[PDB]
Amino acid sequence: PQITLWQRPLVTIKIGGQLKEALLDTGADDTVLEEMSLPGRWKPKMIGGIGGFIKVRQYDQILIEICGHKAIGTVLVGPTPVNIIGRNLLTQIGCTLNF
């Protein structure tokens, strides 16, 4: 798809069998989702953005579908205001910025 930006670029993703809405974010290096239980062992991690750092659980090799495209990568779970799909998964689905 070609997504314009007059509105936030939110899309439906499927992860752990659940549908969730998430923001395509070229400014985020990582993918950070709201608190949820995923299978797998996880590692504590710290990530920062404007405002500061937050503690997150790092899950590796998680399967996630973004608008039907499959991606398998690291997903951070923690107290984010909104679900964010960062560059580690946007590259996997072949997403580019264009003008």
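Numbering starts at 1 and follows the sequence shown.
Across the two stretches, 85-93 and 7-15, the PDB entry reports the greater mean Cα temperature factor for 7-15. Comparing the deposited coordinates for 67-75 and 26-34, the stretch with the larger average C-alpha B-factor is 67-75.
The entry lists a Cα temperature factor for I62 that places it in the highest third of the chain's modelled residues. Split the chain's modelled residues into thirds by C-alpha temperature factor. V56 is in the lowest one.
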